[PDB]
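# Examining the three-dimensional arrangement
Here's the letter readout for the chains.
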Amino acid sequence: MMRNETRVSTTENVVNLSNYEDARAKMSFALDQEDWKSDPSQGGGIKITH
Amino acid sequence: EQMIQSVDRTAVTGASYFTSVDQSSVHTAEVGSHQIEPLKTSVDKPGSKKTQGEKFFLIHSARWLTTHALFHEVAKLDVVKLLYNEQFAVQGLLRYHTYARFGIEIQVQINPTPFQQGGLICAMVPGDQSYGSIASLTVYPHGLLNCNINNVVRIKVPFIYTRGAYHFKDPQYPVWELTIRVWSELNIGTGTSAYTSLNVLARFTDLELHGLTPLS
Amino acid sequence: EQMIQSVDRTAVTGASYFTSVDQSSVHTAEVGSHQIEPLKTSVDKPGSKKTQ
Amino acid sequence: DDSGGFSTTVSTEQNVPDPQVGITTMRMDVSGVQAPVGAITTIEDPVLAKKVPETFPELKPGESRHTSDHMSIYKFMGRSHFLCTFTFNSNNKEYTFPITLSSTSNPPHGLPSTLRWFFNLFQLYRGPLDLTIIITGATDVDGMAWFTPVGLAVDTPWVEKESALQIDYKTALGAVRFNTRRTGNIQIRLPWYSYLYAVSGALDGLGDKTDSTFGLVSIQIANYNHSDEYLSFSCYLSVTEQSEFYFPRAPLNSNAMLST
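Method-wise, the PDB entry is recorded as coming from cryo-EM, at a reported resolution of 3.05 Å.

As structure tokens, this is what we get:
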């Protein structure tokens, strides 16, 4: 006999488009949920972060 | 060389009085085992000879009046013949056995109001209330019931008999004989109850049972 | 477990030239034993091949 | 011996439960150069019938190539099997069905195909079960289901009618409240609330109407309906790890295995 219950709170299925912590994706089109590495080869090492 | 085992031919089984000799035998096939109850359906101790045979039974009810004179005999009863009756639980042990050897525990109870006065004697006489003296009933295992002092006496006696055991289906003579004589007369005033009730309880002690028999 | 013994089936008995093979046998039942005579009824030596 | 018996022979245990794991594994050869003495035997002796059989030279089967063991009860009957189905036809009605283990009750008013087979393999059942109900049909229908133990007052079984009980009596037994638009399924335990030790399936007489049922689930619906739409419920039973099974029994014959 399992005992696992949660209460469904407010703001049910609401899209928050204001920050990355709520706009990041839940699933992925990519095979094997894969990730991509860094390749600063043809960009001369000039990378913008700010 | 391998040995091929076979079934055993001769064996003796039974439970302590039935003996079965078999020319063609086989081993017993048992499933499971004996289990205890962690949640018991009955919390008393289980039944045995002690809780069925050694237990008080009401055997007689008399009544002591103001019209009974001195040395009048209120109760004259055979103790062992009255316990040999279908209405008591000890019958289920005695109906199937033949001989027995036992001790007797007697308890005699009365209930006077404290406006009454008088006395009784309750002696255990073995065998026969013979030609002996009524005034010497304090030689036997006895008890005195006084309306001022007490209302319960209790007596414990061993097995006293001319043979080694007692035969219920065809007895020789009664083992014990309880008598209850008027030791001092019952006197009342105007309006007081002219009676008092009496009850005799009896039970076996150290009950031995021999020779279980089919015929009753 | 107790073992119930039974009677023996095969046995060979006899006295030195008669041989008896038995399919259904039983033990011998003997009473008493051989006794000597403290007051002898005959004082010579007993008969044998030598004295005959 | 406690009971006073005596014997010259040896009494051995017959038909010990679970003698072997039903997966291919290793706990050279199985039979070999030695002559098979286990080919010839006597079946009337329970001591000689426990001898391991061999007649031909063999070798070990190896190991299987799937992890689970399908020959266990807690994995076979962990799969949820069909129990019953029924439809509603009007408003504010109440339906009541018991979970009866008895083989006398034929389906639709009894255990169907696989559950009728399983609960007649053994004698005694003790423990909690595992009910899943599935809603098919209408929407915006509010329903309530509760559980009544055996020996207490409840409406008539297998009959859809108005409820003669009050809301204070229904919600005191513990109830769930659902809506047919949001969930479509309820996976609910069933507690072991009985006054007796265990329930049995293979009984007759007045022991069949007392010691077979262990619980009783009933459903009441409201807000049904609008003009033309059906509403169907279907029930499914699974078994838990808290449940126990005792004393294996001869299985049902090929004419008692019935279905819906």
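Having seen the structure, we can now continue with the description.
### Structural notes on the overall build of chain C
A tally of regular secondary structure across chain C gives 0 helices and 2 strands. Compactness check: chain C gives a C-alpha radius of gyration of 20 Å against a globular reference of 10 Å for 52 residues, more than 25% above the reference. Along the first, second and third principal axes, the C-alpha atoms of chain C reach 60 × 30 × 15 Å. Every one of the 52 residues in chain C was classed for burial, and the buried ones make up 4%. Total accessible area on chain C is roughly 5800 Å²; 54% of this is exposed by carbon and sulfur atoms. Taken together, the 5 basic and 6 acidic charged side chains of chain C have centroids lying 18 Å from each other.

### Some points on the overall build of chain D
Helices and strands together make up the secondary structure of chain D, namely 3 helices and 12 strands. Taking 260 residues into account, the globule formula puts the C-alpha radius of gyration at 18 Å, and chain D, at 25 Å, lies well above it. Over its C-alpha atoms, taken along the principal directions, chain D stretches across nearly 80 × 55 × 35 Å.

### Digging into the sheet that holds strand β8 (residues 144–146) of chain B
Residues and elements named next belong to chain B. Within the open sheet, the 4 strands sit side by side as β5-β11-β7-β8. Their pairing is antiparallel. Edge positions in the sheet fall to β5 (73–78) and β8, since each has one partner strand and no second. When strand polarity is set aside, the average angle formed by the axes of neighbouring strands in this sheet is 10°. Pairing between strand β7 (residues 117–126) and strand β11 (residues 176–187): 9 bridges, direction antiparallel. What sits directly across from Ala 123, in β11, is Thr 179.

### Structural notes on the sheet that holds strand β9 (residues 199–200) of chain D
Residues and elements named next belong to chain D. An order of β9-β4-β12 is seen for the 3 strands of this open sheet, with the pairing classed as antiparallel. Only two strands of the sheet have a single neighbouring strand rather than two, namely β9 and β12 (244–248). Looking at chain direction, strand β4 (residues 122–126) and β12 are connected through 4 bridges and run antiparallel. Residue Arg 126 lies in a different strand from β12, and its bridge partner there is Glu 244.

### Let's talk about a nonpolar patch on the surface
On the surface, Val31(B), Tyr197(D), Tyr246(D) and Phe247(D) cluster together into a nonpolar patch covering about 420 Å² of accessible area. On the secondary structure map, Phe247(D) appears in strand β12.

### A look at empty space enclosed by the protein
All names here are of chain D. Approximately 40 Å³ is the volume found for the largest cavity. Around the largest cavity sit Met 77, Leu 115, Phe 118, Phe 119, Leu 129, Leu 237, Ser 238 and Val 239, which together line it. Within the residue set of the lining of the largest cavity, elements represented by two or more residues are α2 (113–118) and β11 (231–239). A per-element tally of the lining of the largest cavity places β11 first, with 3 residues. For the lining of the largest cavity, the residue count by class is 7 nonpolar, 1 polar and no charged.

### What about the packing of aromatic side chains?
All names here are of chain B. Counted by the stated rule, this structure contains 29 aromatic pairs over all chains. Between the aromatic rings of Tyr 84 and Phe 168, the centroid separation amounts to 5.4 Å while the plane-to-plane angle is 15°, which identifies the pairing as stacked. You can see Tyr 84 sitting in the loop between α2 (79–83) and α3 (91–94) and its partner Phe 168 sitting in the loop between β10 (166–167) and β11, a full 84 residues away along the chain. Overall, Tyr 84 belongs to the partly exposed group, its relative accessible area being 26%. Following the ring pairs from residue to residue traces out a cluster consisting of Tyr 84, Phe 102, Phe 159, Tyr 161, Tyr 166, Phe 168, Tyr 173 and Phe 204.

### With respect to the arrangement of the chains
With 4 pairs of chains in contact overall, the contact-richest pair is chains B and D. If you take every C-alpha in chain A and every C-alpha in chain B, the smallest gap between them is 23 Å, and the two do not touch. When C-alpha atoms are compared, chain A and chain C, though not in contact, are closest at a spacing of 49 Å.

### Comments concerning unusual backbone geometry
The omega angle of the peptide bond from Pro107(D) to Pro108(D) is 5°, so this bond is cis rather than trans. With respect to the helices and strands, the residue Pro108(D) is situated in the loop between β3 (94–100) and α2. Residue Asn225(D) follows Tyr224(D) across a cis peptide bond; omega there is 15°. Residue position: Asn225(D) is located in the loop between β10 (213–222) and β11. The phi angle at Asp206(B) is positive, at roughly 60°, despite the residue not being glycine. Residues other than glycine seldom take positive phi values, yet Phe247(D) does so here, at roughly 55°.

### A word on the layout of surface pockets
Residues and elements named next belong to chain D. Space inside the largest pocket adds up to approximately 1800 Å³. In terms of lining residues, the largest pocket is bounded by 44 residues, among which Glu 244, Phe 245, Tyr 246, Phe 247 and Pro 248 are the most central. Among the secondary structure elements, those contributing two or more residues to the lining of the largest pocket are α1 (73–76), α2, β4 and β12. Counting residues per element, the lining of the largest pocket draws most heavily on β12, which supplies 5 residues.

### Quick look at the nonpolar core
Counting residues in hydrophobic clusters, the biggest one holds 44 residues, and the most contacted among them are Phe102(B), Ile104(B), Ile106(B), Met124(B) and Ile180(B). Setting aside chain neighbours within four positions, we find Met124(B) in contact with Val79(B), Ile104(B), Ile106(B), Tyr140(B), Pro141(B), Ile155(B), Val157(B), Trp176(B), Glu177(B) and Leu178(B). Among the nonpolar cores identified, the runner-up in size contains 39 residues, and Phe86(D), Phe178(D), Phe214(D) and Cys235(D) belong to it.

### Remarks on the environment of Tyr197(D)
Residues and elements named next belong to chain D. Looking at the element boundaries, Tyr 197 is found in the loop between β8 (185–190) and β9. The exposure class of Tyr 197 is exposed, given its relative accessible area of 51%. Sequence spacing of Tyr 197 and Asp 211 is 14 residues, and the spatial spacing of their C-alpha atoms is 9.6 Å. Every residue in contact with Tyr 197, bar those within four places of it in the chain, is listed here: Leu 124, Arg 126, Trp 192 and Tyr 246.

### Examining the interface of chain D and chain B
Contacts between chain D and chain B engage 23 residues on the former and 23 residues on the latter. For the pair chain D and chain B, the summed buried surface comes to about 1900 Å²; carbon and sulfur atoms form 56% of the total. For the interface between chain D and chain B, the tally reads 0 salt bridges. Counting every contact that joins chain D to chain B gives 7 residue pairs in polar contact. Sheet topology places strand β3 (residues 29–30) of chain B next to strand β1 (residues 12–13) of chain D; 2 bridges connect them, and they run parallel. Residue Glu30(B) lies in a different strand from β1(D), and its bridge partner there is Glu13(D).

Rules used throughout
Residues numbered from 1 in each chain as written, not as in the entry; some residues may be left out. Chains lettered and ligands numbered in written order. Part of a larger assembly, values for the part shown. Heavy atoms only, no water. Residues with missing side-chain atoms left out of burial classes, pairs and counts. Helix = DSSP H or I, 4+ residues; strand = E, 2+ residues; numbered from the N terminus. Rg over C-alpha atoms; globule rule 2.2 N^0.38 Å. Buried < 20%, exposed > 50% of the residue type's maximum accessible area, 1.4 Å probe, protein only. Areas by Shrake-Rupley, 256 points an atom, 1.4 Å probe, with all protein chains shown as cover. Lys, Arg positive; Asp, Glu negative; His and termini not counted. Charge placed at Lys NZ, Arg CZ, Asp CG, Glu CD. Pairing = 2+ DSSP bridges. Axes fitted to C-alpha atoms, helices over the stretch in contact; angles between N-to-C directions. Patch = residues over 30% accessible without salt bridge, like charges linked within 9 Å, V, L, I, M, F, W, Y side chains within 5 Å. Salt bridge = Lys/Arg side-chain N within 4 Å of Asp/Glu carboxyl O. 1 Å grid on protein atoms, 1.4 Å probe; cavity = no way out; pocket = protein on both sides within 12 Å on 5 of 7 lines; lining within 4 Å. Points joined across faces, edges and corners; volume = space filled by probe spheres on them. Nonpolar A, V, L, I, M, F, W, Y, C, P; charged D, E, K, R; others polar. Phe/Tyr/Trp six-rings, centres within 6.5 Å; stacked < 30°, edge-to-face > 60°. Contact = heavy atoms within 4.5 Å. Core = buried A, V, L, I, M, F, W, Y, C linked by side-chain atoms within 4.5 Å. Buried area = accessible area lost by both parts, 1.4 Å probe. Polar contact = N/O pair within 3.5 Å; in protein donor to acceptor, adjacent residues only side chain to side chain.

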